[PDB]
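J.: I am attaching a structure below and will ask some questions about it afterwards.
Derivation of every value follows stated rules applied to the coordinates shown; laboratory data play no part. Reconstructed Cβ throughout: ideal geometry from the backbone, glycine too, with neighbour counts over all protein chains shown.
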Amino acid sequence: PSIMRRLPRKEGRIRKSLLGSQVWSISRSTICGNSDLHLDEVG
Amino acid sequence: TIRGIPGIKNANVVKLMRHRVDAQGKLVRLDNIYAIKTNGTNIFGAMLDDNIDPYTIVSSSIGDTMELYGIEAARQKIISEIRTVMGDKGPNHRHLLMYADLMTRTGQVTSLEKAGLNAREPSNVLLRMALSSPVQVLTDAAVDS
Amino acid sequence: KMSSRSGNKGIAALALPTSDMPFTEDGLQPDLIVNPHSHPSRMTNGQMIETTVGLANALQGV
Amino acid sequence: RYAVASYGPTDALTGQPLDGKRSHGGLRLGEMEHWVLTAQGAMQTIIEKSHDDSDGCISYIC
Amino acid sequence: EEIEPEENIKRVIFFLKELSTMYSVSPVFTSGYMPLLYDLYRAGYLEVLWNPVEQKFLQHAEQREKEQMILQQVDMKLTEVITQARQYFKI
Amino acid sequence: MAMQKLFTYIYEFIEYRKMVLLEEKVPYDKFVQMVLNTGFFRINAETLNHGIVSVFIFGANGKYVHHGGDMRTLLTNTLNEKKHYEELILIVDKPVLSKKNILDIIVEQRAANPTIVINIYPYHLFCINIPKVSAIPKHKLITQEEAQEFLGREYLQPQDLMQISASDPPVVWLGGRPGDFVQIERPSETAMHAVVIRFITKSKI
Amino acid sequence: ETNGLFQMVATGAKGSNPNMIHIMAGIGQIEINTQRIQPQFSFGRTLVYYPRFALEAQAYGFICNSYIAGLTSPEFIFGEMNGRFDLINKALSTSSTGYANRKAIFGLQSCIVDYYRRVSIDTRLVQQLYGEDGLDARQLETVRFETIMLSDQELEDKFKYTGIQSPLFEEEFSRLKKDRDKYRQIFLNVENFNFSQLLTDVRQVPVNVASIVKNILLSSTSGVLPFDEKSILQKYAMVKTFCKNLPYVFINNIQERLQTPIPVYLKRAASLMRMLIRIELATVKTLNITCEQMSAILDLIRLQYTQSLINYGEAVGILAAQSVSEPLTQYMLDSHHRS
Amino acid sequence: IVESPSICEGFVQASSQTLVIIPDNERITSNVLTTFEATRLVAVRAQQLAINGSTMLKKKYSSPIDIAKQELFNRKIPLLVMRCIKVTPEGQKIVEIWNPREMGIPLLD
Amino acid sequence: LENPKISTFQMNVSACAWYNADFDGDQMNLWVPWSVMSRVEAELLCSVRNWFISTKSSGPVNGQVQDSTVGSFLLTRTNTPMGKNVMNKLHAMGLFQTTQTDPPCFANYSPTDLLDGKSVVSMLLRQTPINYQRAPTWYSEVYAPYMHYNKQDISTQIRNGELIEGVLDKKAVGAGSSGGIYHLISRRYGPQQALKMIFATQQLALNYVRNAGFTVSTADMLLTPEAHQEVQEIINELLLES
Amino acid sequence: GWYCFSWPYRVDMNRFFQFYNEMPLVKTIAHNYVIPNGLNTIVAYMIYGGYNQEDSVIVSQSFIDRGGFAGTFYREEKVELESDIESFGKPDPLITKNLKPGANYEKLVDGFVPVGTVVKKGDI
């Protein structure tokens, strides 16, 4: 383990903690079809 | 070299369509026009041929067009080559200008890789660190102040 | 997620009661209602032939 | 399916939420999503998500 | 340093002045006529420029404001009733 | 068939620069005979400001491109003559451009003469009337005052504009020098044409 | 009239003609990388089921059967050879596209539209005007130009006004004619330095000028107007002045009132819009339009023209990278249909 | 001889700037708010209303977003848009001050 | 969704074109803005109506997909295997009971009066009158020799919202159809107005199929014994030339 | 399907045991060696309301209630101890520290929740 190893790759400091982000107040679920909803509406 | 020009291995005959203003000012499509589509690129080789119109040589090579015609013709070459890759279900034309105008703003055809970014934007270390290799960029930035 | 044996997977979207499902003149009603547009682009002909063969097997009891 | 909270378990080093549903942490707004939000011009949304909801703090510089 | 608009834009700005007390529009006096054009486009009625039928849109705006006020008051009464009932049930 | 193209388009290049020939023309056979015997052919022109431009065309197998001393002594003998020199155009074969020693004599001659523009160019740059190429937009040098007005209106610096090398073929044919501005009118598939301004930078050799 | 499978393909809902042919008639020749099944099974045999140096077309991937009739073992193996390429190229259409997408964005993202509609990198111009027209991709209309394909005789038949004998209308047709020549000259040159990019009389312009004239004529109660010399002359002056002040759309109304000089690169930006307006507001096409209705058309044209302008501070470098790196997914998906 | 570093060089704090406002008649930027600028104005006004709540809107709405939108549409928003044109090396900061009460609003309602 | 047994993010099928999504098992994120500043900008900038027109190809993104493309064809089709494509007043009103727009007026109709699909479509396009005239995807000269095309189905013409003739299919109402019905509505009435008409026209297409039916079977794929002999006789010619 | 014939004897993680399975009406030779997994659902190939678009399906609710594709899903909890430091038992509020907020310790019996009770979110 080294200080500079934390930087480079995808799981590195720059691409995982700075360019990306883990956030609160967010949800994920499988999507589904619903023909009674408008195009600008989400169930 | 025997009976040919260097750089091209195959030379086919194709039918292509062009417009031309008639004597009555009418713009008509001419379908019975034959040309030569070659495999391999040599603008200067076909430049010297007396059977080929030197003014209307269309290469598919950005570097060869840049070498002999300039950066403005290389700008139009990048737009043409991306559009060919993009097919017909491709982006608007103004998105192809953004690639060519960025890649040709320094007078030379820069790339979309680490070497190209270092030429257009040498002093933007943080952007350069994020792209490819932060350790190499950070070390060079410190010594260069 | 459900799937047939021809690789045509799908996601359960709606759950209708027994009186809202379509029914034949003889009272037969589906358990699953799949879009007919799932076939032509994927060419899963084995699923359609299976339904044709399996429909006669049920009545013939084989 | 997943939906967590306004707050929860936090990474010790970065101060960001943990990874995924298994650790009861948050979900990732990765590199490609900041590209889209920047393309749309959604900058106050980036502040709300990448700073207010992830690890935003106050740094004092002389 | 504008001085005076033209008769067509004079009647259009008269229309906007009369509509100001009726819709979310405030007339300005820019030389380029452009904020007026955006206001007319946003109102969904750009037909003042060529067709002298502004009165029907004035009546339309009055009507729409009327239903807006009616719905707003109905919602306020409904929500105060809901609040009082929830207070009653909490007690 | 490079030499035949040079023999016509070098004179077309001279005419395009609005320069008046000094020495009378010779037939093509005599031209190739001189190139074979002497090793180079020399053309002279005079600019509107009476500046003298001498263009040297070097054979591919000449001694001046293989031995650096020959080029050194040739340039030294040409640069100490009683004429109002302003530029020397050295047309050589393209591989000669890759020879480090020849470029070393070129840069040393540049250093020894700070007021004379020394340029070396390949054959292919003078084998077509470059402005007449369809793929090449229309370039035009613009004066310092016009560029200053344009930059003052746009709150711009010369370092902020797009930049084009002085060795760029249309810039070479125009005669642009580093520090100058070239306005380019180019075709467009969005506005049917466009106009840009580029800041000329130093040549690549 | 009753075939469900055919109606799905004929109406474009789902499927294509090769799908029905494969289902019903026959799969045909399996062609990987624009060539038949090369022999990788021991020097001249494509499979163990065919002899060495086989001459029959079946040995090289020609599937004679359809899906509804079923395939044999050798035909299924050849079908699996082509089917596996679809799975392989689909996997590559994610990673390979992602490698190119990220590199494109990191090079282009610094390009931001400034207050001059230029594209720059923090000081340094990348474009003098975004897209060389200063418009947004979401605000473009596909509009045909009438004068392009017409000969000089029928250009005068349709666009020369012979009602009033004034030198003003001689200049109107001359300006119409030399805009026709300029369009032809530029886009024939574009055809020259391209492989198969042909000239088209159809452009993407921000304002559909013809529709605005058509819309107002319908909503107007005035029918066929009587001949009025001053009204016709006044309308021509209004159109000529509007095209002269058209480049001020890119600056503001303040400089238009002051009539300060317009930069050259902004005069070129409104060249297509100037050309279309003079075609659709020609004296022959605005005979049944009052001078008051003409003001509405001019006011509506520059309202839509300003609405289509690109916004200040828009990250157009990310927009271009996303728009160009997305079709690479389909380009990679078709890797086995190319040499 | 280029000698040891002194105190004249090595400053980290950048020198202060003077705000140079372009006169109204010499402005080049458009007299129409962009969607970005209109959105920023509405968001700032809505947040400030959520903080203060003091408004001169004659109509009544039960949300800061609606009040901010109507204030922008009725040209009663107490904000200005400053368009930074250029930062000059000598220290000046040339900007453009635009009043959203006399520009065209691109939004729709 | 008040149903406690629903755990999925439901959306209209015509909205999948924005995200390149489908319902084979895809998962999508969703976060609701809470800050006032972020909530304002979501409504004004990031609304999906702002990307009805693609910033990539400058064309429309949304439209009818896979059931309102074939549903619109059947609704606008001139002739039905059971005669002329008409419907009584009761079934004409039933096509508008789901669109969630204001219902039209059917007072000038007896219960025995017959309405064709063109009239029903017209009552919906009167709200946003446009002008459209192209050839539908239904017509194809590849199919022409072996088909008897109806002369009123190969020319889709709409003036001022009145569908004069022709059928509506992928060319007119399909997703990504440049110059289509919804592209013209967006240019003349706004991208939000075009999205409401996509939903509104989707319901007529789906409500028509509620008793018109559409199916695919194995016999839809089966050549007749005489035509099978013609197919292999064609293939034998290819193998003869080979 | 029947993922294992000895499922009750196993404590497995993320395993689903579907109660009902059927031999296909059109079987293959692969079913001579493995147990078929699925049901012969009656399927209609039709457009019905637009809820089956884009590779979706419409499922009869009655088919769900009767046990169609219904089964039991298993998870395991394997917790270890530190030798002589930790122990299994119900904590008490007045001695133990930093108990989890909003927890439910009353369901523990001698350190473990008894078999057969329903444990929901927040329960220890």
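J.: So, in the range G:311-333, how many residues would count as being facing chain B (nearest Cβ under 9 Å) and not hydroxyl-bearing (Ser, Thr, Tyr)?
T.: Adding up the residues that qualify gives 11.
J.: Regarding the range G:50-59, can at least one residue be identified that is within 14 Å of another protein chain (Cβ to nearest Cβ), surrounded by 15 or more Cβ atoms within 10 Å (Cβ to Cβ), of a type outside the set (A, V, I, L, M) and touching a helix residue (DSSP H, G or I) at 6+ places or on another chain (Cβ under 8 Å)?
T.: Yes: the range G:50-59 contains one or more residues that are within 14 Å of another protein chain (Cβ to nearest Cβ), surrounded by 15 or more Cβ atoms within 10 Å (Cβ to Cβ), of a type outside the set (A, V, I, L, M) and touching a helix residue (DSSP H, G or I) at 6+ places or on another chain (Cβ under 8 Å).
J.: I've got another one for you. As an exercise: evaluate residue I:17 against (1) aliphatic (A, V, I, L, M); (2) free of Cβ contacts under 8 Å to residues at least 24 places away in the same chain; (3) within 11 Å of chain A (Cβ to nearest Cβ) and give the number of the one condition it does not meet.
T.: Among (1) aliphatic (A, V, I, L, M); (2) free of Cβ contacts under 8 Å to residues at least 24 places away in the same chain; (3) within 11 Å of chain A (Cβ to nearest Cβ), residue I:17 violates only (2).
J.: Then there is this: Which residue pairs have Cβ atoms under 6 Å apart, sit 6 or more places apart or on different chains, and have a first residue in the range G:51-75 that is in contact (Cβ under 8 Å) with a residue 12 or more places away in the chain and a second that is basic (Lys, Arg)?
T.: Final answer for the pair search is G:60/G:36; G:61/G:36.
J.: Filter the range I:73-104 down to residues that are in contact with a helix residue (DSSP H, G or I) (Cβ under 9 Å, 6 or more places away or on another chain) and either among the basic types (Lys, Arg) or away from chain G (no Cβ under 14 Å) (or both), then give me how many there are.
T.: Summing the residues that are in contact with a helix residue (DSSP H, G or I) (Cβ under 9 Å, 6 or more places away or on another chain) and either among the basic types (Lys, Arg) or away from chain G (no Cβ under 14 Å) (or both) in the range I:73-104 gives 15.
J.: What helices (runs of 4 or more DSSP H) completely inside the range I:166-242 contain at least 1 residues that are closer than 21 Å to residue G:141 by Cβ and touching a residue at least 24 places away in the same chain (Cβ under 8 Å)?
T.: Output list reads I:170-173, I:181-189, I:191-212.
J.: Sticking with this one: Being basic (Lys, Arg), in a loop (DSSP other than H, G, I, E, B) and farther than 24 Å from residue D:47 by Cβ narrows it down to one of H:93, H:86, H:59, so name that one.
T.: Of H:93, H:86, H:59, the one residue that is basic (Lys, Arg), in a loop (DSSP other than H, G, I, E, B) and farther than 24 Å from residue D:47 by Cβ is H:59.
J.: I'd like the residue in the range C:9-42 that is surrounded by fewer than 18 Cβ atoms within 10 Å (Cβ to Cβ) and either of a type in the set (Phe, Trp, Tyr) or within 14 Å of chain G (Cβ to nearest Cβ) (or both) and, out of all such residues, is farthest from residue A:29 (Cα to Cα).
T.: Within the range C:9-42, the match that is farthest from residue A:29 (Cα to Cα) is C:23.
J.: Let me ask something else. Could we say that residue A:26 is at the interface with another protein chain (Cβ under 7 Å from one of its Cβ atoms) and closer than 13 Å to residue D:30 by Cβ here?
T.: When the stated conditions are applied, residue A:26 passes them.
J.: Quick one: which of J:107, J:100 is in contact with a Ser or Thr (Cβ under 8 Å, 6 or more places away or on another chain), touching a residue at least 12 places away in the same chain (Cβ under 8 Å) and over 26 Å from residue J:4 (Cα atoms)?
T.: Among J:107, J:100, only J:107 is in contact with a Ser or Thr (Cβ under 8 Å, 6 or more places away or on another chain), touching a residue at least 12 places away in the same chain (Cβ under 8 Å) and over 26 Å from residue J:4 (Cα atoms).
J.: Search the range B:93-120 for residues that are in contact (Cβ under 8 Å) with a residue 60 or more places away in the chain and more than 7 Å from chain G (Cβ to nearest Cβ) and pair each with any residue that is surrounded by fewer than 19 Cβ atoms within 10 Å (Cβ to Cβ) and small (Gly, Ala, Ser) when their beta-carbon atoms are under 8 Å apart and the residues are at least 6 apart or on different chains.
T.: Close Cβ pairs (under 8 Å, with a partner that is surrounded by fewer than 19 Cβ atoms within 10 Å (Cβ to Cβ) and small (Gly, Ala, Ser)) do not exist here.
J.: Then there is this: Within the range I:45-72, take every residue that is part of a loop (DSSP other than H, G, I, E, B), out of contact with any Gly (no Cβ under 8 Å at 6 or more places or on another chain) and more than 9 Å from chain G (Cβ to nearest Cβ) and give me the one that is nearest to residue B:87 (Cα to Cα).
T.: Checking each candidate, the answer is I:62.
J.: Could you check, for the range I:72-90, whether at least one of its residues is out of contact with any strand residue (DSSP E or B) (no Cβ under 7 Å at 6 or more places or on another chain) and among the aromatic types (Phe, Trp, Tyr)?
T.: Yes, that holds for at least one residue.
J.: Moving on. Any chance you could count how many residues in the range G:106-126 are over 19 Å from residue B:126 (Cβ atoms) and either more than 7 Å from every other protein chain (Cβ to nearest Cβ) or surrounded by 20 or more Cβ atoms within 10 Å (Cβ to Cβ) (or both)?
T.: 8
So that you can scan it fast, the table gives a plain yes or no per residue for (1) crowded, with 19+ Cβ neighbours inside 10 Å; (2) of a type in the set (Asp, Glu):
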position: I:144; (1), (2): no, no
position: I:165; (1), (2): no, yes
position: I:182; (1), (2): yes, no
position: I:193; (1), (2): no, no
position: I:198; (1), (2): yes, no
position: I:209; (1), (2): yes, no
position: I:220; (1), (2): yes, yes
position: I:232; (1), (2): no, no
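J.: Using the structure shown, decide if residue C:52 is β-branched (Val, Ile, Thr), away from chain G (no Cβ under 14 Å) and either within 18 Å of residue I:216 (Cα to Cα) or touching a helix residue (DSSP H, G or I) at 6+ places or on another chain (Cβ under 6 Å) (or both).
T.: no
J.: Let me ask something else about it. Taking the stated definitions as given, is residue D:10 of a type in the set (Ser, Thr, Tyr), under 21 Å from residue A:11 (Cβ atoms) and touching a residue at least 40 places away in the same chain (Cβ under 8 Å)?
T.: No: the conditions fail for residue D:10.
J.: Quick one: which helices (runs of 4 or more DSSP H) sit completely within the range G:243-296 and have at least 2 residues that are more than 18 Å from residue G:116 (Cα to Cα) and more than 8 Å from every other protein chain (Cβ to nearest Cβ)?
T.: Output list reads G:271-280.
J.: Taking the options A:40, A:36, name whichever one is of a type in the set (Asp, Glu), within 7 Å of chain I (Cβ to nearest Cβ), part of a loop (DSSP other than H, G, I, E, B) and without any contact (Cβ under 8 Å) to a residue 24 or more places away in the chain.
T.: From the options A:40, A:36, the qualifying one is A:40.
J.: Touching a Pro at 6+ places or on another chain (Cβ under 7 Å), surrounded by fewer than 16 Cβ atoms within 10 Å (Cβ to Cβ), on the phi < 0 side of the Ramachandran plot and not β-branched (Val, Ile, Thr), is that true of residue I:108?
T.: Answer is no for this residue.
Listed here are the residues, each with its yes/no results for (1) free of Cβ contacts under 8 Å to residues at least 40 places away in the same chain; (2) of a type outside the set (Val, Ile, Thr).
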{"residue": "C:2", "(1), (2)": "yes, yes"}
{"residue": "C:6", "(1), (2)": "no, yes"}
{"residue": "C:22", "(1), (2)": "yes, yes"}
{"residue": "C:26", "(1), (2)": "yes, yes"}
{"residue": "C:52", "(1), (2)": "yes, no"}
{"residue": "C:60", "(1), (2)": "yes, yes"}
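J.: How many residues, within the range G:185-219, are under 30 Å from residue B:15 (Cα atoms) and facing another protein chain (nearest Cβ under 10 Å)?
T.: Residues meeting the conditions: 19.
J.: Hey, another quick one. Working only within the range J:1-26, note down all residues that are among the hydroxyl-bearing types (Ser, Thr, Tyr) and either at positive phi or outside any helix (DSSP H, G or I) (or both).
T.: Matches in the range J:1-26: J:3, J:6, J:20.
J.: Determine, yes or no, whether residue B:123 is facing chain G (nearest Cβ under 10 Å), among the hydroxyl-bearing types (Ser, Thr, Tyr) and outside any helix (DSSP H, G or I).
T.: Here the answer is yes, as residue B:123 does meet what is asked.
J.: So is residue G:125 out of contact with any helix residue (DSSP H, G or I) (no Cβ under 7 Å at 6 or more places or on another chain), without any contact (Cβ under 8 Å) to a residue 60 or more places away in the chain and outside any helix (DSSP H, G or I) or not?
T.: yes
J.: Sticking with this one: Identify all residues within the range J:27-56 that are part of a loop (DSSP other than H, G, I, E, B) and loosely packed, with under 15 Cβ neighbours inside 10 Å; write none if there are none.
T.: Listed by number, the residues that qualify are J:27, J:28, J:33, J:34, J:35, J:37.
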